[PDB]
Structures are given as structure tokens and as C-alpha cells.
Amino acid sequence: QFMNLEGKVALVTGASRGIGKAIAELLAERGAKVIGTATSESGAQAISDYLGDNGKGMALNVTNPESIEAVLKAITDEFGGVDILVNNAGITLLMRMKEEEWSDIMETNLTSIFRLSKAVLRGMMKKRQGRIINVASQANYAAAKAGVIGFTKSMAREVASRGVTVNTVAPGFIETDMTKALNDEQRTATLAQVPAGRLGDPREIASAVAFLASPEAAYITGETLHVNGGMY
Amino acid sequence: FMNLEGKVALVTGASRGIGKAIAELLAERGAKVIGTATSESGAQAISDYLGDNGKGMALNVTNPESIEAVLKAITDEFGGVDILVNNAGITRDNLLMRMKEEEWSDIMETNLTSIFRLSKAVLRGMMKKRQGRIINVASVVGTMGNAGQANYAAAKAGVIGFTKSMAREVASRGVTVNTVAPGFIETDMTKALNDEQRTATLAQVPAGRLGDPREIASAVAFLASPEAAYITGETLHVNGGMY
Amino acid sequence: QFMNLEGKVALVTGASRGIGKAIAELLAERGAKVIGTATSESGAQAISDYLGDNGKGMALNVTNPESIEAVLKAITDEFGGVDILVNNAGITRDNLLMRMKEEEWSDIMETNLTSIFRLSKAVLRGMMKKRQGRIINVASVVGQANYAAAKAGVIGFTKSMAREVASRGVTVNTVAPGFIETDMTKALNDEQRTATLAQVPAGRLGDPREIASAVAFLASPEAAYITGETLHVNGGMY
Amino acid sequence: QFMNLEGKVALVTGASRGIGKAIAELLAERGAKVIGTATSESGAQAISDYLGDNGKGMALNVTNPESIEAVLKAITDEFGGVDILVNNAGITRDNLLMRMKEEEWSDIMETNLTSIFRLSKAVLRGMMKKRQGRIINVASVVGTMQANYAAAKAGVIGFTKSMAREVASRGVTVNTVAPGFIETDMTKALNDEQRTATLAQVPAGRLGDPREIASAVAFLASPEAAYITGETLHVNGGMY
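Dropping the structure here:
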């Protein structure tokens, strides 16, 4: 019965690969009915393929209110409301950083948190039980990440008394298809920053998320959990 | 000592309270000061209190064209901006659960994206001179404390994230980038409360009084001075011990 | 096989009651062989009584090097080295600074901060030889300048030590409880309870088991990339 | 009248050289009557020599209650109570924890942390009587990084925040200044390749000057910082 998610419906945004995928898979293994999202239909189909009976994939654009609305309705109709929301969808030189780079980061990595969070909150508060977990893996990225943490603390305070927790997981350097493609000199350089002397695995971010999502983390909210091998 | 003679300062949102106190103190320390308001009459009132020590200009920090025009005018008349003080603290209280998306994005544009635009527009000049100061001032906390400013929390934290990150890119060229974070400061709204209400709001503040706008000004003037050249990426809290 | 502690030996200091006890019980339930401590022999016996075959209790004074040494030798001989150390023993000596006495300061430093240094150093060699270890310090957010100093110190020690030992497979973390239901809170009047809950957005006190869960998670194989971290369990209080 | 310290009595512990000295000098230049301390009498005499009329030096061991008491009495008798306390005295005792000795640990605790408790408490009463006071802890320099010290430094910061909350309502502020890599006699004695390597950690691309720590201290000590308390002011050229 320990950290068991039977009966819970989880929505994991941006679940095609790496961290997102590891999270979706672990939540399914712990008993959740899982809905993972991608930006395209084929993306959504690949997610359905790896979840099989434990859930399904859907197409979602987190910068589009209509897409958000349609996806939540479909989830609600087929599975019941979202109990666990994992906001993992996101994207990535100041003297030349352009207006569009800045605002795309704000919309995709920060405002998306606000929108999705607000769209699932009413159902969670009616049930008196809920989990929102933001995964926050460059001045534009930094501002948005810090904003997600500011939002997390502040919102946690408003919704705690209704049984909903709101937290952030902050990965360090994690082994991605992108990290694997770097050369060995670059790999060695990056690891010099990490006292543990290795990259993290996506499954290690998944574990942190699964823990916060469980009944046994009910008194943890407003928290940033760092998973970085000692890097900061 | 903490002398700003020969420096050109732009203080956004200098009509009243904190903004005004800052613009006045920077003028008293020798800076040529340009304060801004959203309207022309606003700009005129600023000109009126600065007299010889500077002038006021109309600026909308959400409008690139307004920004460009204002910086050109400053550059032509005074030379580039040496000190930029961003008022990044124009908000009214509200709960995250109550606020709608338009309130959210207006706060983001006015309080956070404005910092990015203004900062980027003054940086080239500062880096060419190998000397510069950018100081972001967060909003005052009002009657409803931190709970009341949940609407601003993401923006405020973002300004701090931007500050640390950008400080790192520009430090080697003699530009510092810092934030001042006021606590509960005396405003017209707080003056209007009764004494029982003041004490109640003050129960959060160990110092047992509200801060004066001049105290925020001092902190800003210190960071803006030559004697703070090794301070950057920092948030300086001026809050009488709250939290 | 998930968050399973089979084959691991855990030492939980100060396990007589509340948080300490919850931790020792949960670690046993997850498969660890657990040694819990108290300051007296009868304390140690009560701990043996609730662990039964999953471990035993021992008398330990964390301000006494000899006591530390004797306890570790006994653990090592009987069970093998310590794999998991939970530093939970601590005390309070509240008072206004203007009245605070030398002894109230130094007892807090010795019991709540230096003890972490001593116990941590005494288990580290074994853990580094195995390339696997967990050290978890439990620090309550609880006239407290002495307690505050010591707690901030434990956090500084944690971050700094984590950096030295990470590359040898040992993690070092802190769990920071907020207001938790203990014998002390149960004894307060209803007006005082309502006042303390006004500080907590979740609107209830935490359960000792909820601190135990956090500790058990960090102690598990699945938290191998988490180190130098403070995990706050406080219902939103900060 | 700006950041003026005329009429204030300042005690700066550990004022023989570097940061301590720069602080004592600056506070004197801003008008304070300054008492700087060293561990020996000749140390105290050198301090008297550089302060001349603006103050004097005294011998003090911050791990010895009797020494603390004697020094405070002498200050009080001759100058009046301490208005500004700068706790700068500290040491390092480096070592990996798996080899660090009990005495290294406890000497650091006593010298860098408990000393703050003792000196702070000893000046507080006079400060609260006047409804005006400043306590500033300087939590010293990183030196080509120093692991033993981290617990004590973090403790000083915890103590600072917690104490600030108790005494704020009586006009006393309590803050910390946290220097980064500062040019000292020890940094001067590194080779050039080592200096370059350290500076790679610092975005500003140079070491700080002791005077720059002094400025931060003098600001916090002034009337114009009356609403700043419980704060750590970092002076590190962007390092971290």
C-alpha cells in the first residue's frame, strides 16, 4: 500500500521522451491511469503505444487555451477529472536575445503552468485531494524557471487547506538523447560541475515526481525538490 | 563618497512614493536624473520637482517604440544612461485563484518583460563605457501582505531570476545588476488606515513600523554608487525583518 | 523492488518517540535492520520492544565520543557497518537572547550540531568503502536564536559534506519538519492549537509518519541522485 | 549629513589587517570613534597607530568571556557604550571530514560562531537602552575554494536572522556581509596560474578589494540602513 497511485488519473505534459516518458511510465507502474501528451497526433499515438492499458496519449499545445480545454474535456469524459498534473512540457544571449525568444519561453514554460494549473484546480478542490508537480529542467530560461518556483510557493499557500499540494522538481544534468550527442570533451567538462561525477537518469527524476505525487507526500507543498547530484 | 556626479540615471515610474524618493535622492547625490510617467502631465510633474537636476518624460514600458524614443531623447540631450532603475512594482493585490489570464499577462508584461526590454536597450552603451548600474525595484508589500501579492509572485521571482542570470553575463564589463525588495512601506493607502489597523498589519514586521520611501531610495543609491562595484546578482531586502 | 531497504543497516538516533520512532518503524517496515537509540538503558529496551526481530535498541549519548564508539562497534560486530544514518537526536533550550545563558547555547551546539559532525564522521569510512551510503539529518523548524543557529549550521554542514562524498556513492541530506503532532503539541490547550494552525496553510499539523516517509524516500536507492538537499515537510508554512 | 557616523562608537573585532583593517579605517573616516581588536598587545598597538585620534586598539580574545568583559568595560568607561559592533574575527581549520579532528571542529565553532553569540549579547543591553544599534557579522572570505567553516558560517547566518527578529522593535539591526574572493596577503602569495583559475569562478573577472567589504559594512552601519535587518549582503562579483 506504500506510494500506491491506484485509482488516480495523471496528466503528464510532454511525455514523448526522456524525463516526461520516464515519469509517465513510473506513474503507470505505480497504478495511475496516465494520459501523456505531445504536440502532434503521431506523438500522441507513440505515447498510447508505450502505455497500452495503463493509459493513452493525446495531442496538446500548452500555449493554446482551446487545446487545453479540449484535452481536459476528453480526459474528464473518458477517465474522470485529473488528480495528478505533471507540467513537464517546455523549451529553450542577452545583448542579442530577441523579443520572440523571450516571449515564447514565458508562454511555453511559465504561463502554461498557470493555465493548466488553473484548469485542473476546481476538480481537485472539489475532491479535496490533488497533486500538481512542475518539472523545471539562458537569461530567458532562468527568469521563467524562477517564476515557476515563485508561482509554486504562492499557489501552494492558497490551495493547501483544500488537500492539494503544489511542488517543483528541479533536475540537474540528466542523460538525454541531446546530452548523449555531445562529444566526450564536452561530457567531461559538464561532469566537472557535478560532485556525483555522473549524469542523472531520467528514471531518477521520475522517482522524485512519483514520491511527491503519492499520499505519503501530503504535507509537502510549496517545495522545490532538487535532483542534481550535488551540483548546486 | 557615494557621489554620482556626471552620471545619467533613468528612473522609471517616478511620479510618487518610492519612485519619486529614488529620483530625488539620486539627484541630491549629483546624478542627472530622468524620471518617467505614463502621461505627459505625469512627466511635467516630475520635471517640476527635479528642476535643474533633471527632467521628466512620458514612457510606456510595454511599448518598444516608446522605449526607443525615450532612450534616443535621453541620449541626444544627456548622453547614454549610466544608471537604470526599473520600477518593476506596479501591482494591485489579488489571489492566484481569482485572477484571470489578462491580469496575469499584464503583470508579466509590465513587471517582468519590461525589465528585459529596458535592460537590453541600455546595455550596449554601458558595456562600451565599461561602467553601468541596473537596479530593479520590486513592488511594495501592501495591507494584505504576501498573501495579497500572490498575483505578482511569479513576476517578482522572475525579475530576481533574470537579475542573477544577467548579472553573470555582464559583470566582466563593469555593469552590475541588482534587485531591491521593499517590505511594507508607508504609502498614501497606509496613511489612511486607523492606528488599530496599522498595528495589525505591523504584527508581521519585527521592526514594528513601516519603512519610509527614502529608505528604499538609500538602498538604491548605495547600489548605484562606485562603492558597490563588487555587488551584483544580489537581492537587497529592505523590510524591517519581515518573513 | 521499489524503495526497498532489504539488507541495509540503519541507525536512527533518538528513536524513543514521535518522529524518531516513526522513522525507525518505517525503515523496518521497508526491510532495513534498524538500530534505534535512547539516552538510557530502559529507553533502549523500549525501542527493542517495538522493533522486535527487525532490529534492536541501544543506549547512546551523542555528545560523548566513547558512547559513540562503543555503539558503533556493537553495531558493526553484530550487524555489519551502518548503511543509513538518521541523525534525529536533538533538544531545545528556548529563551530570549537577552536572558540566554552560556550553557543553553553550548548544550544546543553540542547536542544538535557537533553531534552531526561526530556521528557522520564515524560512519563515513564504512560507507565510502562500500561506495553506498545515506546520511539524513532531521532538523525541526521549531526565543530560539540558539536552536536557529544550530539548525542553519546542520544545513551548511550538509551541503558542504555532500560535496566531498558524493563521488563515492554517499548522499547527505536534511529533512526539515514544520509543526508536527507530538506529545508536546497534544498537551497544549485548544486556543493555543488554533493559534499555531493559523500559521499553517494546510490547516493541520503534520503526522510523524509524514516525516518518516520523507526520510525513507531519501534513504532509498531511488534517491541516489539527491544530495546536499533540504526537503521541507511543513504543509506550506514556509 | 549622508551615511555619517559622528558620535557613534564602533567596535571592530580582528582589525589588524585586510578586511578588518579596511572596515575600521572606513568607519573612522565616516566619523565613528573606533576600537579595533587583535589577539595580542602588539597587535592592539599597531591598530592604535593607524587610527590615531579616531580611536584605539585593544587586545581581545573572542573565545574568552573574561577578555570580552574587560574590553567592554574599558570601552564603556572611556568612550561610552558600543553603538556599532562588527564581528570580523575568525579562523579556518581545513580538512576532509573523514580526517577532521574534534579540536579543528570545535575551535571553529568557538571562534567563528559562539563568539558572535557572546559579543552580540554583551552589547545588546546598552544598544536597547539607547533604542539604536548595529551589529554586523562578516562571514569571511572564500580562499581559493573551505569545508570546516561552512557549518559555522551558515550558523552565523541563522543566528543573524533569528536574533534580528527579537531585537528589531528596539532599533537594533543585525546583518551579515558575505564576502566572495577578496584580495588578501594569502591571495597575493599564490602563483599567477592559480589566480587565473580562481578568477574563472568570478564573472566580474577580478578579486574584490577589502575596501569594498568596508563600504558594505559602513552602509549597513549607517542611519540610512535602519530598515534593513536579518539580511545577508553578498559582495562577491557574481560568484556562484
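Chains as they are written, first to last, in the deposited numbering: chain D, 3 to 94, 98 to 142, 152 to 246; chain A, 4 to 246; chain C, 3 to 144, 151 to 246; chain B, 3 to 147, 152 to 246.
We treat Cβ as the ideally placed atom computed from N, Cα and C, and that holds for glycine.
Practice task
Determine the burial state of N97(B): buried for a count of at least 16 other Cβ atoms within 10 Å of its Cβ, exposed for fewer.
Solution key: If you number the fourth sequence from 1, residue 97(B) lands on position 95. Exposed is the call here.
Exercise for the section: Under 9 Å between beta-carbons, which chain B residues line up against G83(C)? List them in chain order, please. Expected result: Reading the third sequence from its first residue, position 81 is the one you call residue 83(C). The CB of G83(C) never comes closer than 9 Å to any CB in chain B; the least such distance is about 14 Å.
Practice task
Could you tell me whether the Cβ atoms of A34(D) and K10(D) are closer together than 8 Å?
Solution key: The residue labelled residue 34(D) in the question sits at position 32 within the first sequence. The residue labelled residue 10(D) in the question sits at position 8 within the first sequence. With contacts defined by Cβ atoms closer than 8 Å, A34(D) and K10(D) form a contacting pair.
Exercise for the section: Quick one: list the residues of chain D neighbouring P209(C), beta-carbon separation under 9 Å, in chain order. Expected result: Along the third sequence, one-based indexing puts residue 209(C) at 201. Chain D residues near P209(C): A170, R171, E172, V173, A174, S175, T235 and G236.
Handout entry: Assigned secondary structure, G22(D) (DSSP; H/G/I helix, E/B strand, else coil)
Key = Residue numbering aside, residue 22(D) sits at position 20 when the first sequence is read from its first letter. Helix.
Handout entry: C-alpha gap between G128(B) and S221(B), whole angstroms
Key = Counting from 1 along the fourth sequence, the entry for residue 128(B) is found at position 126. Counting from 1 along the fourth sequence, the entry for residue 221(B) is found at position 215. Each residue's Cα considered, the two are about 25 Å apart.
Practice task
Compute the distance between the beta-carbons of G244(A) and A227(B), then report whether it is under 8 Å.
Solution key: As a position in the second sequence, residue 244(A) is number 241, starting the count at 1. As a position in the fourth sequence, residue 227(B) is number 221, starting the count at 1. Result no, Cβ atoms of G244(A) and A227(B) do not sit closer than 8 Å.
Handout entry: Interface partners of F225(B) on chain A, CB under 7 Å
Key = Counting from one through the fourth sequence, the residue named residue 225(B) turns up at place 219. Correct list: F225.
Exercise for the section: Flag this pair as yes or no: are the beta carbons of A160(C) and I163(B) separated by less than 8 Å? Expected result: The residue you call residue 160(C) lines up with position 152 of the third sequence. The residue you call residue 163(B) lines up with position 157 of the fourth sequence. Cβ atoms of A160(C) and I163(B): closer than 8 Å.
Practice task
Taking the CB atoms as reference points, tell me whether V241(D) and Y155(C) lie closer together than 8 Å.
Solution key: Here residue 241(D) refers to the residue found at position 227 when the first sequence is read from its first residue. Here residue 155(C) refers to the residue found at position 147 when the third sequence is read from its first residue. Result no, Cβ atoms of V241(D) and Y155(C) do not sit closer than 8 Å.
Problem - the segment 103-118 of chain A: positions lying closer than 8 Å to chain D by Cβ - result: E104, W107, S108, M111, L115 and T116
Exercise for the section: Check whether the Cβ atoms of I219(D) and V173(D) sit closer than 8 Å, and answer yes or no. Expected result: Translated into the one-based positions of the first sequence, residue 219(D) becomes position 205. Translated into the one-based positions of the first sequence, residue 173(D) becomes position 159. No.
Handout entry: Any 3 or more C-beta pairs closer than 8 Å across the segment 24-32 of chain A and the segment 12-22 of chain B
Key = The answer is no - the segment 12-22 of chain B does not touch the segment 24-32 of chain A, with fewer than three Cβ pairs under 8 Å.
Problem - Bridge partners - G38(D), DSSP secondary structure assignment - result: Position 36 of the first sequence, counted from the start, is the residue given in the question as residue 38(D). DSSP lists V14(D) and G59(D) as partners of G38(D).
Practice task
Counting only the same chain and skipping the five closest in sequence on each side, list residues whose C-beta sits under 8 Å from that of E189(C).
Solution key: Within the third sequence, residue 189(C) is the residue found at index 181, counting from 1. Closer than 8 Å at Cβ, skipping near neighbours: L213, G214, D215 and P216.
Practice task
Kindly confirm or deny that the segment 109-116 of chain D and the segment 104-111 of chain A touch, where touching means at least three C-beta pairs closer than 8 Å.
Solution key: yes
Exercise for the section: Less than 8 Å between the CB atoms is what I'm expecting for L87(D) and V73(D), so what's the real figure, rounded? Expected result: Walking along the first sequence from the start, residue 87(D) turns up at place 85. Walking along the first sequence from the start, residue 73(D) turns up at place 71. Between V73(D) and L87(D) the Cβ distance is about 12 Å, and since that is not below 8 Å, they are no contact.
Handout entry: Alpha-carbon spacing of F81(D) relative to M5(C), whole angstroms
Key = Residue mapping note: residue 81(D) aligns to position 79 of the first sequence, counting from 1. Residue mapping note: residue 5(C) aligns to position 3 of the third sequence, counting from 1. About 29 Å.
Exercise for the section: Leaving out five residues on either side along the sequence, give the residues of the same chain with a beta carbon under 7 Å from the beta carbon of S69(D). Expected result: Numbered from 1 along the first sequence, position 67 holds the residue referred to as residue 69(D). Here the set comprises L62 and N63.
Problem - Euclidean distance between Cα positions of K75(D) and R120(D) - result: Here residue 75(D) refers to the residue found at position 73 of the first sequence. Here residue 120(D) refers to the residue found at position 115 of the first sequence. Cα to Cα, the separation comes out at about 15 Å.
Problem - Chain-ordered neighbours of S122(C) on chain B, where CB pairs are closer than 9 Å - result: Position 120 of the third sequence holds residue 122(C). Within chain B, the residues near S122(C) are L99.
Practice task
Under 9 Å between beta-carbons, which chain D residues line up against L239(C)? List them in chain order, please.
Solution key: The count along the third sequence starts at 1 and reaches residue 239(C) at position 231. In chain order: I234, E237 and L239.
Practice task
Look at the Cβ atom of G211(B), then the Cβ atom of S175(A), and state whether they are nearer than 8 Å.
Solution key: Here the question's residue 211(B) lines up with position 205 in the fourth sequence. Here the question's residue 175(A) lines up with position 172 in the second sequence. Closer than 8 Å, so yes.
Handout entry: Own chain residues within Cβ distance below 6 Å of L13(D), not counting five before or after
Key = Translated into positions along the first sequence, residue 13(D) becomes position 11. Correct list, in chain order: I37, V84 and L87.
Practice task
Kindly indicate which three-state DSSP category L99(C) falls into: helix, strand or coil?
Solution key: Here residue 99(C) is taken as the residue at index 97 of the third sequence, counted from 1. Here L99(C) sits in coil by DSSP.
Problem - Beta carbon proximity, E199(B) to chain A, threshold 8 Å - result: Here residue 199(B) refers to the residue found at position 193 when the fourth sequence is read from its first residue. It does not: the Cβ of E199(B) has no partner Cβ on chain A nearer than 8 Å.
Practice task
Please state whether DSSP places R212(A) in a helix, a strand or coil.
Solution key: For the purposes of this step, residue 212(A) is taken as the residue at position 209 of the second sequence. Correct three-state label for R212(A): coil.
Exercise for the section: Could you tell me the distance, in whole angstroms, from the CA atom of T204(B) to the CA atom of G54(B)? Expected result: Counted from its first residue, the fourth sequence places residue 204(B) at position 198. Counted from its first residue, the fourth sequence places residue 54(B) at position 52. Going from the Cα of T204(B) to the Cα of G54(B) covers about 37 Å.
Handout entry: Distance, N90(B) Cα to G22(B) Cα
Key = Sequence index remark: in the fourth sequence, residue 22(B) carries index 20 (1-based). Sequence index remark: in the fourth sequence, residue 90(B) carries index 88 (1-based). About 6 Å.
Problem - Among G92(C), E230(C), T65(C) and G59(C), nearest to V144(C) - alpha-carbon criterion - result: Taking the third sequence and counting its residues from 1, the one referred to as residue 144(C) is at position 142. Of the listed residues, the one whose Cα sits closest to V144(C) is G92(C).
Handout entry: Cβ neighbours of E112(C) in the same chain (closer than 6 Å, five flanking residues each side left out)
Key = Locating residue 112(C) in the third sequence gives position 110, where the first residue counts as 1. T65, listed in sequence order.
Practice task
In angstroms with no decimal places, state the Cα-to-Cα distance between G57(A) and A30(A).
Solution key: One-based indexing of the second sequence puts residue 57(A) at position 54. One-based indexing of the second sequence puts residue 30(A) at position 27. Near 8 Å, if we compare the C-alpha coordinates of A30(A) and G57(A).
Problem - Beta carbon proximity, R19(B) to chain C, threshold 8 Å - result: Residue mapping note: residue 19(B) aligns to position 17 of the fourth sequence, counting from 1. Not one chain C Cβ lies under 8 Å of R19(B).
Problem - Chain-ordered neighbours of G9(A) on chain B, where CB pairs are closer than 8 Å - result: Counted from its first residue, the second sequence places residue 9(A) at position 6. Result: empty, since nearest Cβ-Cβ is about 18 Å, beyond 8 Å.
Practice task
Look at the alpha carbon of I77(A) and the alpha carbon of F187(B), and state the distance between them as a whole number of angstroms.
Solution key: Translated into positions along the second sequence, residue 77(A) becomes position 74. Translated into positions along the fourth sequence, residue 187(B) becomes position 181. Going from the Cα of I77(A) to the Cα of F187(B) covers about 37 Å.
Problem - chain C residues whose Cβ lies nearer than 8 Å to that of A160(D) - result: If you number the first sequence from 1, residue 160(D) lands on position 146. In chain order: nothing, as chain C lies at least about 17 Å away.
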